[PDB]
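Enquirer: I'd like to ask some things about the structure below.
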Amino acid sequence: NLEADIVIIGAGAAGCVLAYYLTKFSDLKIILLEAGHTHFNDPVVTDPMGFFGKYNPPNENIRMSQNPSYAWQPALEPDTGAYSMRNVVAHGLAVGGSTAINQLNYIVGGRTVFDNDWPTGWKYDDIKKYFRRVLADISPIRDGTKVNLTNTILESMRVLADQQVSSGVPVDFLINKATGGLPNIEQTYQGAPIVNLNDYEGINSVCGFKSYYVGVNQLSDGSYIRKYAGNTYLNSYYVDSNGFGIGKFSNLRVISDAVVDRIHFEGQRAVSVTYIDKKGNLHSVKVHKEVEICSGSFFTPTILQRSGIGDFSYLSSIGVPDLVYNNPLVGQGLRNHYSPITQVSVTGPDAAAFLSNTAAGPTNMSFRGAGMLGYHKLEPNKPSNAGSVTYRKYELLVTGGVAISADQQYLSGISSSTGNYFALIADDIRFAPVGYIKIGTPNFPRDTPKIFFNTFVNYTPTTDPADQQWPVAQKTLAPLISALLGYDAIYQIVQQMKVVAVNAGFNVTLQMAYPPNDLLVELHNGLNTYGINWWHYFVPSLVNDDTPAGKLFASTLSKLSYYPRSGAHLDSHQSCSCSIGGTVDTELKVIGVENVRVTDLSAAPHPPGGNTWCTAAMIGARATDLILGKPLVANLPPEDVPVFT
Amino acid sequence: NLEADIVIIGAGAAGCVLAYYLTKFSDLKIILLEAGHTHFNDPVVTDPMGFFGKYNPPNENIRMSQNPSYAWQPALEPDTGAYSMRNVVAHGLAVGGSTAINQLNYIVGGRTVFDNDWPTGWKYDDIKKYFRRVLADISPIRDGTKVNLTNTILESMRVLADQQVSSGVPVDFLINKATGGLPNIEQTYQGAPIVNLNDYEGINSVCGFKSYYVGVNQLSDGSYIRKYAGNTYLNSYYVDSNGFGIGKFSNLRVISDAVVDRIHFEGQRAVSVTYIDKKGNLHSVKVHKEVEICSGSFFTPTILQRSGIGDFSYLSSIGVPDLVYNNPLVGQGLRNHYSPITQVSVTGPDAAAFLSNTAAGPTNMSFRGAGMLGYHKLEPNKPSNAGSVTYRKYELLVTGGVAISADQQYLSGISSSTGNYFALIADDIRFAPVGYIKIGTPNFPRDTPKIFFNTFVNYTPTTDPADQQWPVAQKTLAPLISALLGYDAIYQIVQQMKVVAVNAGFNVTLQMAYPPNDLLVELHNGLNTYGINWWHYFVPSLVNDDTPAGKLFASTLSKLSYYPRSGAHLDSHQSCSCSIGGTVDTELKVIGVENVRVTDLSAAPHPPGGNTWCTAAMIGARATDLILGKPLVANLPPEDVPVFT
Amino acid sequence: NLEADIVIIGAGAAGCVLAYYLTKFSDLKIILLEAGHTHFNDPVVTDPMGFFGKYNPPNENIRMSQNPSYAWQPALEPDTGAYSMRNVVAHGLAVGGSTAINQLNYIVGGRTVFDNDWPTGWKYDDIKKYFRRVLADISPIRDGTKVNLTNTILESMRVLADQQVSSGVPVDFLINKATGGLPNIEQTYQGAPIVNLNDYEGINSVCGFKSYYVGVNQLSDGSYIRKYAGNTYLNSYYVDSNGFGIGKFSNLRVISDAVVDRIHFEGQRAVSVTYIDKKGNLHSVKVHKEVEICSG
Ligand SMILES: Cc1cc2nc3c(=O)[nH]c(=O)nc-3n(C[C@H](O)[C@H](O)[C@H](O)COP(=O)(O)OP(=O)(O)OC[C@H]3O[C@@H](n4cnc5c(N)ncnc54)[C@H](O)[C@@H]3O)c2cc1C
Ligand SMILES: Cc1cc2nc3c(=O)[nH]c(=O)nc-3n(C[C@H](O)[C@H](O)[C@H](O)COP(=O)(O)OP(=O)(O)OC[C@H]3O[C@@H](n4cnc5c(N)ncnc54)[C@H](O)[C@@H]3O)c2cc1C
Ligand SMILES: Cc1cc2nc3c(=O)[nH]c(=O)nc-3n(C[C@H](O)[C@H](O)[C@H](O)COP(=O)(O)OP(=O)(O)OC[C@H]3O[C@@H](n4cnc5c(N)ncnc54)[C@H](O)[C@@H]3O)c2cc1C
């Protein structure tokens, strides 16, 4: 018999925090049903370079995000906006969840997004303590080596932002209003004082800096290691090697390899939970007080439908045997970030000397900065607070080498064989597309549910007058407009790059190859000759302009639109699957029953401003507080860390 | 308690036959653990047109091979030979298995393949009775409507095969040696006597015909329906609506929704089997005599590793708790068919009249014939019996409309918007690539195991002398050579098509667009000027010819090789996962224990000559005989059908 | 033996409501003798477009009101007033009765007709609660798309009704006296406030509007379905697939395919009822308290 009252389902980035601190300051019984094992000895997972295939045997050079021993492999339905191609994205399969197989970034999400996007009691001032706690527990590290590329970028940014402060435009992309009127770009000289983008009081929404924060820890020996949720919260110091708590944590049980099917359910008080061991046997943990769901964005709603709470007509049509509650918002409104790709060529006598120290390393991992921007001026879909508050919209990145897939490499002909390349990425942060998740089999936890996520749907003109069908075209074309404005943003930095590199004693030439520059200069001409109505030319049938200028600009837009659909990566940064206000209240509690609550990244009512690791950790901390009834994690001193072994 | 001795795992195309006839002529207890439900009322699955989205609501127009309510969705590892892209292929999820979601073809596999490719006791003469039985039980139907396109093709084929009979070449592609020296091409006039490619004594390996055989049955009303393994063997007449046998079949139990985890195992006699109901509860069926595995190519080896029999070092490394037998051939040697794609354009006054009646229908389903060919003359990888026996290598097809993916459509610019197109396909039948399957989680039946399947790997020249590194280049480049020879075959029919269409009173013009003709005429010139050594120019570094002719031919090969990698579909026709001689004997029995046997398409030691439905049905019939001890299905009169309701 | 005391004969539009709510708030034994089966899976009956022959195979394009698998087919005697021609009209044959094969409209019947046409205890004020209940249970839906034809009609109607209000005639056809003297014609512009002809207090006897109320329900997927008495009151949630009640409704039995011949009768207390199963056998349900007739 396996009676319990604390029942966590999944040791993700939020499961570990919740379980660790809940067991630290409470003496209930805790079972953590995890379905993965602890890769404490696997050299590929500990060494960060193993992320880049140092240990793969020659036959099978793949990344852990694809390997089925490491990650769940859902396959999404075809994307009607990207030529009906189906993507595979990964939830982790290990203690610590996705953190075991991630890229280790720590962007906390600025003041603006939570203050004006999150409900009462979750404002930036109400949770920033939790964020301090988690960034303290990890204690990530930066790189401190010089690279002339980042300096070039940041001085070009200063050049351009000085024009932007003048001319009085209130929402241009290099503007910050917490710093008076000017974002604090990091200085450019030996040992300049650093800019920390994750500042405690969220001063910097827009800024420029020079390296990122990754979850490594330099060891005394000289080798760097992965530092993740399983590594910190649940290691040999607290949990027995068989899955039992140690001393102070004695009421803490970890069933490592256990997939939960559903939560058996009585009255409206869920009473029991079923799991399947590796040896094939069902068991049942009895539930006395509560159950916890921390099983990722994708699988959490599936757990809920199989449990019994969800849309009755659909679930009955597929044939789940038990119905509990009719909540037709279960698992709705998924979101994610997106990232197109852009290349540059270099042509000069000493360009090889201009790009040294750009190889990925154990501290940088193929990152060289290099900024974070806001809305472009000519963006039409901005919130009403754009004028008085600055928003985090574009997440600039930079890397050496080639990032485009080998097919695009064949098409453009630009290969890493000819060494003149580096990539700039504008990771959209406020991406619009919204999708939903269902199940197709009421049987067991699969590896692929129904996932619909359509991105770049083009507009179909109708016979309605243009005067009331522009404001549906706008909202349909939103992602295209945002991606194109990001293209403009990257395009209009490269010339300041040319200037500052020529003037810093470097004789090289910079010209974008993918996408080809000529398209972009034509776009710039069209933009600054057509004004805010530049986006009216996505649908040439509505403008009714036969002048060759507008015809050529619309043609340019048309041929350009191929590249965000083709040359991009889909971000793993899923979120927002069981949002507050949709299926749960501000207490994370599930609406319709009394003893089930969801406490993971699915509950976020809005996607945060960065790589969505820290937000889920925060949610775990806060949910610990909510179940506890009193704030202790908020009141713990910042400099107490869990032990590291 | 659920004691049993007949235990079938999976109602595939082979599970249904086995269970139905085993229960017909025997009085044991039979449990059929299936994991799917019976789509007897679903209009999309019954109406064959529903395969082509007549009933899909507008939001979700997808095909059942993608829908997770209908099919398992494994995702293969990236294909290093096709620009590292990952494919998703479908095993069915319903009673009747893949047959529920298939394209309904019935190519039985000729004399040659089984006689010279299958072990003793499985020769063509030893099993052809079973094939007669199954093709009788289905009784498929053909189309009998005229279409001038097929006539054009078949008369061009006659024209060319008359040259091929002369010139004395013994392995050219339009040659048949069972019909003396000449394949029997179907006649071209009103109501000509038909050629049945599935002849009872396998006379026709190579032939030309005019329509295919599909699993429909015209109803009295006027509407056609799907006719499949679940429909025939297990319908309301024999099995209760709760899953119980009727009268004569009273010892027949169907647990519709049950996923098997493993087979609990004692001594070396497997004793028990576990499954998971929809309501989440484990159960256990006790095993008294045998267990049966009919769970498809992909999942069968996975069942075996989770059971305990397989490579010890690997399974121990991932951590399965029980080890039984060390058989490092489990789940090795997967195979499948492949199908590139080719387009044609038409330009003439009455071409629209030349292509009427090519829309897909309830009897044809987008098929218009139109042949089946053998090895091209200049193929270097032929078996030693090529000269004295003719082999089935290329499966010609034809269809109206455009088949290339929308991205290829953008690149070539050829769309179905301009109505001048039809497609010719050369479905390779003796495809070389071989892969293998493993598992990554010893927990439960997932939806995606490790699958490695690499197709178009290019050769990497070394410092070894050419004189002993040509016969590794040959075997590495085999698939490229075969695909290119198929390109030659399709190319050199279109001109006889031009001739016979112009001479049959039709004034139209035919010219291939994808791939572009100019490449192909250059290839033809190079082929007939370079001889059998045309394939030496895949690796220009080895020939050491600087003459511009060879340089241009090698360039043409290089640029052509892009299209089989890009513009093709992967066939769902998996096979050969637990072959005879690898892990089982000629009795299908698993080597190492006494009471487990595999009886599905995974056991085939070689892929058959066609759409691999009939072969698995045959294997089911034969395994019924093997367990029975006496041949009754072979001795049943051919004209007894199971009842249809 | 099939003893009973609640005995409903026919699951029409009135049989379903009666049986459902009678079994909800009472614990007697209920047998519902229906003579039809449940077309829960038949795509033609669920999809409203199937009413207009989307699924008919080419040989037999007919409407369900004619098909004998769906509807009873009485033939009336020749109409001496219409050149002695004989009509065929349909009662439904399914659970839910005629609702299964209908055209899905919801006009409730105004204040006037029941108040001055129906006896004491059935006036509009005495029953309007029940009407609220049923229109609530269905929750029909409207269309919200623009069409210039309806606007043309409604503005012409306004034009003419303005003359009719003047000239003092007290019974002309575009007059309403609950709205003072003028029927409230629906406005004509983008998103004008709608006029609901089935108002709760029966203000509008005469009015103009722009779309009707039909028994569909938009699904999450994008496909509309029939919503009818069998669909609401008697579906898989309450009644077993063999015809037995579920839990709270455990005292509820549905003999799906049973035609009642007569009610065998003793003294002046009817005692028993006979029906004929599909397999041809008579049976007899004993009657303890009452019998119910809801057979059209
Ligand atoms: C390729 C990749 C790159 C990434 N890059 C970054 C990056 O640059 N920066 C960054 O900050 N983050 C990165 N991440 C991490 C990611 O952005 C978040 O850290 C992630 O969303 C963590 O959320 P979570 O822990 O709540 O969810 P998860 O980690 O998905 O939690 C799910 C957990 O529950 C378990 N589980 C699931 N179903 C069951 C079941 N039925 N029974 C029991 N257990 C179950 C799973 O095994 C898993 O451990 C990356 C991740 C990936 C895969
Ligand atoms: C898109 C598509 C197109 C096709 N086109 C053609 C065509 O043109 N011609 C043709 O002849 N055939 C076609 N086929 C069918 C295919 O070629 C064969 O019919 C197929 O290999 C049948 O083999 P099988 O029945 O042995 O395997 P399967 O049908 O895959 O048998 C597996 C069965 O076992 C069940 N099962 C799996 N795991 C478990 C478990 N753990 N517990 C219980 N049950 C389980 C599955 O639900 C399934 O019912 C097509 C199939 C598809 C998907
Ligand atoms: C073609 C058509 C169009 C329609 N259009 C509309 C419309 O636009 N708007 C609208 O509001 N309504 C419409 N209707 C429906 C109709 O106006 C009413 O809904 C109908 O009168 C419902 O009344 P009822 O349920 O009491 O009668 P019925 O539905 O006729 O009740 C009789 C029921 O009892 C069963 N029965 C009969 N005899 C026996 C027996 N001996 N034993 C057992 N069971 C028996 C029958 O099978 C049937 O289920 C339409 C109907 C039809 C046929």
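Simple scheme: letters A, B, ... for chains in structure tokens order, numbers from 1 for residues in each chain, numbers from 1 for ligands in the order shown.
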Skipping near chain neighbours, those fewer than 4 positions away, what residues fall within 12 Å of residue 103 of chain A using only C-alpha atoms, listed as a PyMOL selection string?

Expert: chain A and resi 45+48-52+63-65+98-99+212-216+226-228+362-367+571-573+611-613

Enquirer: Do you know which residues are within 7 Å of ligand 1 using only C-alpha atoms and all ligand atoms? Can you write them as JSON, numbers by chain?

Expert: {"A": [9, 10, 11, 12, 13, 14, 15, 33, 34, 35, 36, 65, 90, 91, 92, 93, 94, 95, 96, 97, 98, 99, 101, 102, 103, 104, 105, 106, 107, 258, 259, 260, 261, 294, 295, 296, 297, 299, 445, 572, 573, 574, 600, 601, 611, 612, 613, 614, 616]}

Enquirer: Go through the chains and note each residue within 7 Å of ligand 3, using only C-alpha atoms and all ligand atoms, then give the set as a count of residues only.

Expert: 36

Enquirer: Got a sec to pull out which chain B residues are within 7 Å of chain A, counting only C-alpha atoms, and send them as JSON, numbers by chain?

Expert: {"B": [68, 69, 73, 83, 261, 262, 274, 277, 278, 279, 280, 281, 282, 321, 406, 407, 440, 441, 442, 443, 446, 447, 448, 449, 450]}

Enquirer: Could you list, as a list in words, the residues of chain A having an atom within 9 Å of chain C when counting only C-alpha atoms?

Expert: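 For chain A, the answer reads residues 313, 314, 316 and 328 of chain A.
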
Enquirer: Under the rule that only C-alpha atoms and all ligand atoms are counted, which of B:384, B:256, B:517, B:476 is the nearest residue to ligand 2?

Expert: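 Going through B:384, B:256, B:517, B:476 one by one, the smallest distance to ligand 2 is for B:256.
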
Enquirer: So that I can see what lies close to segment 47-52 of chain C, please list as a PyMOL selection string the residues with an atom at most 10 Å from it, counting only C-alpha atoms and leaving out residues fewer than 5 positions away in the same chain.

Expert: chain C and resi 42+61-65+101-104+215-216+223-227

Enquirer: Hey, can you spit out that residue selection with N, CA, C and O atoms as an mmCIF file, in the first residue's frame?

Expert:
```cif
data_model
loop_
_atom_site.group_PDB
_atom_site.id
_atom_site.type_symbol
_atom_site.label_atom_id
_atom_site.label_comp_id
_atom_site.auth_asym_id
_atom_site.auth_seq_id
_atom_site.Cartn_x
_atom_site.Cartn_y
_atom_site.Cartn_z
ATOM 1 N N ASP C 42 -25.693 8.141 -37.124
ATOM 2 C CA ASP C 42 -26.071 8.342 -38.514
ATOM 3 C C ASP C 42 -25.671 9.740 -38.961
ATOM 4 O O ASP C 42 -26.266 10.715 -38.503
ATOM 5 N N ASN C 61 -32.038 9.708 -53.964
ATOM 6 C CA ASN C 61 -32.042 11.041 -53.372
ATOM 7 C C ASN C 61 -33.462 11.387 -52.965
ATOM 8 O O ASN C 61 -34.286 11.783 -53.791
ATOM 9 N N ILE C 62 -33.756 11.218 -51.678
ATOM 10 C CA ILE C 62 -35.068 11.492 -51.114
ATOM 11 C C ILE C 62 -34.869 12.207 -49.788
ATOM 12 O O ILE C 62 -33.757 12.300 -49.266
ATOM 13 N N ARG C 63 -35.966 12.719 -49.241
ATOM 14 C CA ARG C 63 -35.861 13.319 -47.926
ATOM 15 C C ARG C 63 -36.459 12.410 -46.862
ATOM 16 O O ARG C 63 -37.397 11.646 -47.105
ATOM 17 N N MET C 64 -35.900 12.528 -45.659
ATOM 18 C CA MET C 64 -36.230 11.623 -44.572
ATOM 19 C C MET C 64 -37.710 11.649 -44.239
ATOM 20 O O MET C 64 -38.232 10.693 -43.659
ATOM 21 N N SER C 65 -38.401 12.729 -44.588
ATOM 22 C CA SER C 65 -39.839 12.769 -44.387
ATOM 23 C C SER C 65 -40.575 11.787 -45.281
ATOM 24 O O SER C 65 -41.739 11.482 -45.010
ATOM 25 N N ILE C 101 -36.521 14.422 -37.416
ATOM 26 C CA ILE C 101 -36.621 14.625 -38.855
ATOM 27 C C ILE C 101 -37.202 15.984 -39.212
ATOM 28 O O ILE C 101 -37.697 16.167 -40.327
ATOM 29 N N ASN C 102 -37.127 16.953 -38.303
ATOM 30 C CA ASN C 102 -37.826 18.225 -38.443
ATOM 31 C C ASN C 102 -36.944 19.296 -39.091
ATOM 32 O O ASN C 102 -35.799 19.059 -39.481
ATOM 33 N N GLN C 103 -37.491 20.507 -39.187
ATOM 34 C CA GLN C 103 -36.809 21.664 -39.747
ATOM 35 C C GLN C 103 -36.324 22.647 -38.683
ATOM 36 O O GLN C 103 -35.734 23.674 -39.033
ATOM 37 N N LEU C 104 -36.515 22.339 -37.397
ATOM 38 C CA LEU C 104 -35.840 23.026 -36.291
ATOM 39 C C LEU C 104 -36.215 24.512 -36.199
ATOM 40 O O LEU C 104 -35.415 25.400 -36.486
ATOM 41 N N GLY C 215 -32.408 24.495 -33.901
ATOM 42 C CA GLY C 215 -31.871 23.600 -32.898
ATOM 43 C C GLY C 215 -30.519 23.001 -33.228
ATOM 44 O O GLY C 215 -30.359 21.778 -33.217
ATOM 45 N N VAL C 216 -29.532 23.847 -33.515
ATOM 46 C CA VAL C 216 -28.171 23.392 -33.744
ATOM 47 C C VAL C 216 -27.339 23.747 -32.521
ATOM 48 O O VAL C 216 -27.784 24.464 -31.626
ATOM 49 N N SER C 223 -18.127 22.180 -36.852
ATOM 50 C CA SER C 223 -19.245 21.501 -37.486
ATOM 51 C C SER C 223 -20.483 21.574 -36.604
ATOM 52 O O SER C 223 -20.409 21.398 -35.386
ATOM 53 N N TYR C 224 -21.618 21.817 -37.231
ATOM 54 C CA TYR C 224 -22.875 22.023 -36.542
ATOM 55 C C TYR C 224 -23.632 20.704 -36.482
ATOM 56 O O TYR C 224 -23.477 19.846 -37.347
ATOM 57 N N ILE C 225 -24.442 20.527 -35.441
ATOM 58 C CA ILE C 225 -25.155 19.269 -35.255
ATOM 59 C C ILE C 225 -26.605 19.530 -34.882
ATOM 60 O O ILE C 225 -26.959 20.576 -34.344
ATOM 61 N N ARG C 226 -27.440 18.535 -35.162
ATOM 62 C CA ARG C 226 -28.816 18.525 -34.694
ATOM 63 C C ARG C 226 -28.865 18.425 -33.178
ATOM 64 O O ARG C 226 -28.083 17.706 -32.552
ATOM 65 N N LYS C 227 -29.807 19.147 -32.589
ATOM 66 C CA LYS C 227 -29.995 19.190 -31.145
ATOM 67 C C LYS C 227 -31.487 19.021 -30.920
ATOM 68 O O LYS C 227 -32.264 19.922 -31.238
#
```
